[PDB]
Each structure stands twice: as structure tokens, then as C-alpha cells.
Amino acid sequence: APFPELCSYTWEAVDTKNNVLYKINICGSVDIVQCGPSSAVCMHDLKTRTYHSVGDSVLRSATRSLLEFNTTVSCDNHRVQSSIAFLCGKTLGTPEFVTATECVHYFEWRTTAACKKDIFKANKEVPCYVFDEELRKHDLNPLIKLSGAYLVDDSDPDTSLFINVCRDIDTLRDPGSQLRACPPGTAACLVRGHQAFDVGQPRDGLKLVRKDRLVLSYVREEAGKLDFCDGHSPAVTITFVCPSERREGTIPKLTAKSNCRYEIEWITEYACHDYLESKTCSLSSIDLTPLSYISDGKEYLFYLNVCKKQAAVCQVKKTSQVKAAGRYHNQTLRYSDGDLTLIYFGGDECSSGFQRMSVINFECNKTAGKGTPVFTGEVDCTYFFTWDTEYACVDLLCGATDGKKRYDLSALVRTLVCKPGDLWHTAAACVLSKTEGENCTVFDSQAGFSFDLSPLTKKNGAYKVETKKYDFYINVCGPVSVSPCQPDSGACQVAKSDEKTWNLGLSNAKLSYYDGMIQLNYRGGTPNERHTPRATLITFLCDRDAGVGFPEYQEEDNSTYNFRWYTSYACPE
Ligand SMILES: *[C@@H]1O[C@H](CO)[C@@H](O)[C@H](O)[C@H]1NC(C)=O
């Protein structure tokens, strides 16, 4: 069970009560020296910051569904250990913590990498989760598409940008439907008509940036082409954002697309953090009461009941020596990020010091007509079962979409066809459309309201943006007005290393508007020796409670200069 697809990454799983993070490295070693040179599983336990390797990379073995890592440490029999129960899954997934004693530490992982046919596997998929400062857990595996992709919103009628979250786009399981042309392995495909291009491919996993912003980056350096990418390496950077009363809630939106450096922002509920728990046969949502049962073993044979005199799980040998492998009272039902896991603890103490536990991994399956538990292995008197059942079967948009034509209600937030700007027939109803203005204003004639950014326009244009290398000075609609730059430029780069500056483009007040984005483009700027004068993009984005806000430089090429500006000036009010 090497599972190549799980190499190269140091996964994370959390135990929410004890307040511990474990770091799993199945193919190698956690790269923490505090943990130790040969840790494949690592206890942190933030609460009293300490470290313990509860699994050595060398001392590894499999057993049916399980992978297990041993260590040469006494406890109490005596040896400390960690194990993962592997189930097949639709995405690469994450490991979820099950339970721990002073010796054993158990997990389960539902993943593509535990399927014995590769048709289900992605050309390339990446970890689609992160943990924040309070080990909360943000995870976008629900967004991952198995076939097809997400049309990214952009006014341009000619070209369309499709993406998948954390993996390549499977174009085969819908033959004929628009995407066929897309080069194999692409997570970001650019259609221009009948021709398709790979503008992005998975490499690293999901990142957490500035507290609460998930960033995912696709790249393509192993490349050619650059017909229209002027010697730029095509790249995609998506920013997932947890909705709020402030932040709209949306489909994904193209905020930049110069130099084949696509920048997408996507307000989606799956960006928010959650780990439920109960000693009952249900949670806060479905009950497991509707679910006597006879699971076959090696030498042995199992018997299980809904919810020892009692015994919820019973082992007998096919030899009528019988042992109980799970009580009734001592129970824990748990929903951990999509995974429903029931445990029993009762346990007749086996030869060794432990009491027999049963861990059941309920999978969702309609065509089960209830469902049946399969035995999937045993480790130090803990018996694992996977249960396909319908009774374990458990992203609300304000605006719809057309053959590329969007719709959005927002100014109607304290059947409808639209009306000329009236705002029940309402301007808010029908198609969204790009409009351009000037004098630091733009009028969305459809919706009936116009935006005016003019109060940002500074009279000596010090807006002060520090990269740890450069000091960008910019201004809105008006020009800059700072030490080295010309009073010409609306944007200006200045290295602190040197002090050497570059005009990033001449200012103008020619606003653009489309689907809640406002855009300033400066086009002068210092010259690749085709001509290539520098330019700046500044996408302004509605945030009801951002106020005026502040610009933020978007990391790209040496050569590309996009800033973002969250501000309530881009909002309808
Ligand atoms: C659900 O159970 C049926 C039983 O025949 C099986 O065919 C199918 O593969 C199962 N699906 C999943 C996703 O477990």
C-alpha cells in the first residue's frame, strides 16, 4: 500500500477534543526535527506544545484495508503505534482521526488512491484542504468535479475559461460536450472557438493565505506554445473565500487575464469551516436507527446490532470460542468532514492488554434495501468494517446562468423578467453586461445604477503598497505624486534593494464594470523587445463593510502588475 498519489505531501488530521494535530507522511517522513528523523506519523498536541512520533516510517506494514506504522516506545502490551483504515473514494481526500489510547492512534482515509481500478483516479490531483490558526479545517473536496468543469465568468464573448478544483478536468465522461479539445491533464482550459489550450495544471496543494483566504495555483512551465502569451508562462491562481453578509456569494469570476496570468476569485460556502460527535445513534442530518448482521472474517465471523450480555459486535470462530468486540453505552458516533464513523469500546480484553474495539466506516450508497457491513481488518484488537448504506447519505446561489449569459439579484436584498432600469419586473432580472465609463465613473445601464470611484482619486497619489522587495505607489483615476516617479504614471514600482523605478502605466479615469467588478487599466509604462510597454490592472471588488479599503499586489511574473481593491465603493448602495 505505497499509494503513489499520497507521496510528496505531509497530510494533516485533527483530534478536536484533545486539541492535537497529527501529521501523516505515508511515503517518507514528516520534515520536523522536533518529531524525529523517521516519523511517518506525528503527534503535536498544541495544548502544551510538545512532539511525539507515534509511527516510524521504516516500521511499516499493511493488513487488508490498514496501513500501520510502529515505534519502539513503551506505554501500557507496550509498543506505541498508528494505523489508517483505507477505503476507496471519489477524490484524493484527507485522513480523519478516529481515536487514540496511550499506545494506539487510529485513522481512516477515503481516497482514490485506495481503489484497485485506475479509471476512477485523476491524471493528477492535489490536497484540497488546509488547517487555520485554530485547527478549524477548510476543505474543497465537495467542489471537485469527476467529469466536466466550471465555466469561469468573464464578459468576453469570444473565449471561455474552464476549471476544476484541485485536479485535472476529465473530458471523456461527456463526449461531445464542449471540452473534448482540452489537452489531457489540464485543470484550467482556455477555449477560443474550436481550439483548446492548457493554461494551468495541478502542482502544489491548497494554501491558506492571510488568515481566511484559500489560494490554489495552477501552472505550466513544462511548456511550448506562448503564441498569445508573449513569452509568459500560463498560470491560474484561484482565491476561494468564505461567504458573509459582506461578501456576495458567487460563481467563480475572472479578475485578471493579462499575459495569460489568469486570476480567479470564488466566493463559495465550501471555503468555510464542523466535526460533530455523539454517544447516541445519531447527530444534531440523519439517524442510523432504521438499520441481525453477519460479517465474515478470516478464521472468525462477526455479528452486529443497531445500538457480554449486551455486545454490539460479536466475534466467534468458524471453535465456538466467542468474544465481544463492542459494547452499547460506551459508543461514539461522529461526522468528520464528510465521513461518518461509529465506534464501540466494551471489549473483552484479548491476550494482550487491550479491550476489543469495533470501528465502522459508513459509506453512502442508495443501491445498497438497507446495506451490509464488510470486515476490512484488525489491529491490536480493533476490528474495522465498511458499511455501504443509503441511511448514511447527507452552494445556494442568488442568480442563475445561461449559455454564457449570467444573472444576479443583489440590489433587491434588504417569476421576474427585467425592465429598463426600474429596479415584479425588475432591471435586476435579465443579462449582465460589460459597460465602460470615464471621469472615474461607469453606468450599468441594465441594473439602473452607476458606480463612481472618484473619492479614492488622491491629490498627491501616495497609496503605499510594499512587497518585500518593491514599493508600489499607485493612485485611482488620477496620477501618482511620489519622490522618484513621474507625475505621469498611475502606478509605479520601486525596488528597495536598488531604488530603481518603473512606470507601470499612465493614469486615466476610464472605469470598466462587469458583474460586480470595476477595472482601471493604465497602458503607458516602460518597455520582450517587440515593444511591450508596462501596464497595470486594478480590479475593484464590492465588500459592504470594507469601506474605502486598500490595494493589494497580486503575485505573478516579473512582468505583470495586477492589484486588487476590496472596497464598498464597488457595491450597489
Ligand atoms: C453501492 O452498492 C452496489 C451494490 O451492488 C454496488 O454495485 C456499487 O458499486 C456501490 N457503490 C458505491 C459507490 O459504493
# chains A, B, ... in the order shown; residues from 1 in each chain; ligands from 1
>>> residues_around(residues="residue A:141", least_positions_apart="4", cutoff="7 Å", atoms="only C-alpha atoms", output="PyMOL selection string")
chain A and resi 91+93+128
>>> residues_around(residues="residue A:557", least_positions_apart="3", cutoff="12 Å", atoms="only C-alpha atoms", output="PyMOL selection string")
chain A and resi 219+229-236+258-262+553-554+560-562
>>> closest_atom_pairs(of="chain A", to="ligand 1", cutoff="10 Å", atoms="only C-alpha atoms and all ligand atoms", output="CSV")
residue,atom,partner,partner_atom_place_in_ligand_line,distance
A:88,CA,ligand 1,14 (O),8.5
A:89,CA,ligand 1,13 (C),8.1
A:90,CA,ligand 1,13 (C),8.5
A:363,CA,ligand 1,14 (O),7.0
A:364,CA,ligand 1,14 (O),7.1
A:365,CA,ligand 1,1 (C),4.9
A:366,CA,ligand 1,1 (C),6.7
A:367,CA,ligand 1,2 (O),5.1
A:368,CA,ligand 1,2 (O),4.6
A:369,CA,ligand 1,4 (C),9.8
A:371,CA,ligand 1,2 (O),8.0
A:372,CA,ligand 1,2 (O),9.4
A:386,CA,ligand 1,14 (O),10.0
A:387,CA,ligand 1,14 (O),9.1
A:388,CA,ligand 1,14 (O),6.1
A:389,CA,ligand 1,1 (C),7.9
A:390,CA,ligand 1,1 (C),9.0
>>> write_last_selection(atoms="N, CA and C atoms", output="tab-separated table (two decimals), in the first residue's frame")
chain	number	residue	atom	x	y	z
A	88	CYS	N	-11.81	3.08	-0.64
A	88	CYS	CA	-11.86	3.70	-1.95
A	88	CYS	C	-12.73	4.95	-1.86
A	89	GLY	N	-12.39	5.97	-2.65
A	89	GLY	CA	-13.10	7.23	-2.66
A	89	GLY	C	-12.97	7.98	-3.98
A	90	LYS	N	-13.90	8.92	-4.20
A	90	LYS	CA	-14.03	9.66	-5.45
A	90	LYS	C	-12.98	10.77	-5.65
A	363	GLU	N	-20.34	4.26	4.54
A	363	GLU	CA	-20.32	4.92	3.25
A	363	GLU	C	-21.77	5.11	2.81
A	364	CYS	N	-22.02	6.15	2.01
A	364	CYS	CA	-23.34	6.45	1.45
A	364	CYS	C	-23.53	5.67	0.16
A	365	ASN	N	-24.62	4.88	0.11
A	365	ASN	CA	-24.97	4.06	-1.05
A	365	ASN	C	-26.47	3.81	-1.09
A	366	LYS	N	-27.14	4.41	-2.08
A	366	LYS	CA	-28.57	4.22	-2.29
A	366	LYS	C	-28.86	2.78	-2.71
A	367	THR	N	-28.24	2.35	-3.81
A	367	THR	CA	-28.35	0.96	-4.30
A	367	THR	C	-27.57	-0.01	-3.39
A	368	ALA	N	-28.06	-0.16	-2.15
A	368	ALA	CA	-27.37	-0.90	-1.11
A	368	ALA	C	-27.59	-2.41	-1.24
A	369	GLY	N	-33.67	-2.85	1.30
A	369	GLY	CA	-32.55	-2.32	0.55
A	369	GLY	C	-31.64	-1.46	1.41
A	371	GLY	N	-28.39	-2.14	3.47
A	371	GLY	CA	-26.93	-2.18	3.39
A	371	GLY	C	-26.32	-3.27	4.27
A	372	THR	N	-25.05	-3.64	4.01
A	372	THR	CA	-24.35	-4.70	4.76
A	372	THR	C	-22.91	-4.34	5.15
A	386	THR	N	-16.48	-1.59	6.85
A	386	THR	CA	-17.05	-0.58	5.98
A	386	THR	C	-18.48	-0.99	5.61
A	387	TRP	N	-19.41	-0.05	5.77
A	387	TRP	CA	-20.85	-0.28	5.65
A	387	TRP	C	-21.48	0.63	4.58
A	388	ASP	N	-21.72	0.08	3.39
A	388	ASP	CA	-22.45	0.76	2.34
A	388	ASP	C	-23.93	0.77	2.69
A	389	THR	N	-24.47	1.96	2.96
A	389	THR	CA	-25.89	2.14	3.30
A	389	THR	C	-26.48	3.50	2.89
A	390	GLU	N	-27.72	3.47	2.39
A	390	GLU	CA	-28.47	4.66	2.00
A	390	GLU	C	-28.72	5.61	3.16
>>> atom_distance(atom1="atom CA of residue A:346", atom2="atom CA of residue A:324")
7.5 Å
>>> atom_distance(atom1="atom CA of residue A:80", atom2="atom CA of residue A:323")
24.3 Å
>>> atom_distance(atom1="atom CA of residue A:316", atom2="atom CA of residue A:294")
10.8 Å
>>> select_by_dssp(residues="stretch 353-514 of chain A", states="strand (DSSP E or B)", output="number ranges by chain")
A: 355, 357-364, 371-379, 382-389, 401, 406, 435-436, 441-443, 450-452, 463-466, 470-474, 489-495, 501-506, 512-514
>>> residues_around(residues="residue A:287", least_positions_apart="3", cutoff="12 Å", atoms="only C-alpha atoms", output="short mmCIF file (atom, residue, chain, number, x, y, z; two decimals) with N, CA and C atoms, in the first residue's frame")
data_model
loop_
_atom_site.label_atom_id
_atom_site.label_comp_id
_atom_site.auth_asym_id
_atom_site.auth_seq_id
_atom_site.Cartn_x
_atom_site.Cartn_y
_atom_site.Cartn_z
N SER A 278 -21.20 12.32 19.10
CA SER A 278 -22.29 11.88 19.96
C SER A 278 -22.06 10.45 20.41
N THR A 280 -24.74 8.70 20.97
CA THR A 280 -26.01 8.17 20.50
C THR A 280 -25.87 7.60 19.10
N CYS A 281 -26.97 7.05 18.58
CA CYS A 281 -27.06 6.53 17.22
C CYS A 281 -27.55 7.59 16.22
N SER A 282 -27.25 8.86 16.50
CA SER A 282 -27.50 9.97 15.58
C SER A 282 -26.81 11.26 16.00
N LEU A 283 -26.86 12.26 15.11
CA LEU A 283 -26.23 13.56 15.30
C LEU A 283 -27.21 14.73 15.07
N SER A 284 -26.78 15.92 15.52
CA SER A 284 -27.59 17.14 15.57
C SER A 284 -28.75 17.18 14.59
N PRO A 290 -32.85 3.31 11.54
CA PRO A 290 -33.55 2.45 10.57
C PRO A 290 -32.83 1.12 10.31
N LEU A 291 -31.50 1.15 10.42
CA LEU A 291 -30.64 -0.01 10.25
C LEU A 291 -30.89 -1.02 11.36
N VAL A 306 -27.97 -2.74 15.67
CA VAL A 306 -28.31 -1.30 15.61
C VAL A 306 -27.58 -0.44 16.67
N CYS A 307 -28.10 -0.44 17.90
CA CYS A 307 -27.49 0.24 19.05
C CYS A 307 -27.52 -0.69 20.26
N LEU A 333 -20.56 8.15 17.92
CA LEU A 333 -20.88 8.45 16.53
C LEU A 333 -20.32 9.83 16.19
N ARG A 334 -19.78 9.96 14.98
CA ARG A 334 -19.01 11.13 14.58
C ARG A 334 -19.10 11.43 13.09
N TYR A 335 -19.35 12.70 12.78
CA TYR A 335 -19.26 13.21 11.42
C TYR A 335 -18.03 14.11 11.32
N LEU A 340 -18.71 9.57 8.12
CA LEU A 340 -19.50 9.11 9.25
C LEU A 340 -18.83 7.86 9.84
N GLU A 390 -27.72 3.47 2.39
CA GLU A 390 -28.47 4.66 2.00
C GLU A 390 -28.72 5.61 3.16
N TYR A 391 -28.85 5.06 4.38
CA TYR A 391 -29.22 5.82 5.57
C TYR A 391 -28.07 6.63 6.16
N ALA A 392 -26.92 6.62 5.47
CA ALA A 392 -25.78 7.49 5.77
C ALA A 392 -25.47 8.45 4.59
N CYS A 393 -26.53 9.01 3.99
CA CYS A 393 -26.42 9.87 2.82
C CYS A 393 -26.86 11.30 3.13
N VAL A 394 -25.89 12.18 3.38
CA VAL A 394 -26.10 13.62 3.55
C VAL A 394 -24.94 14.39 2.92
#
>>> residues_around(residues="stretch 44-57 of chain A", least_positions_apart="2", cutoff="12 Å", atoms="only C-alpha atoms", output="ChimeraX atom specification")
/A:2,12-42,59-61,67-75,79-84,100-106,133-135
>>> residues_around(residues="stretch 499-508 of chain A", least_positions_apart="5", cutoff="12 Å", atoms="only C-alpha atoms", output="VMD selection string")
chain A and resid 437 to 441 454 457 to 458 461 469 to 494 519 to 527 532 to 538 558 to 563
>>> closest_residue(among="A:360, A:415, A:269, A:298", to="residue A:85", atoms="only C-alpha atoms")
A:360
>>> residues_around(residues="residue A:423", least_positions_apart="4", cutoff="7 Å", atoms="only C-alpha atoms", output="VMD selection string")
chain A and resid 427 to 428 447 to 448
>>> closest_residue(among="A:144, A:413, A:66, A:442", to="residue A:379", atoms="only C-alpha atoms")
A:66
>>> residues_around(residues="stretch 145-153 of chain A", least_positions_apart="2", cutoff="7 Å", atoms="only C-alpha atoms", output="number ranges by chain")
A: 143, 155, 160-164, 169-171, 173, 252-254
>>> closest_residue(among="A:205, A:549, A:516, A:326", to="residue A:433", atoms="only C-alpha atoms")
A:516
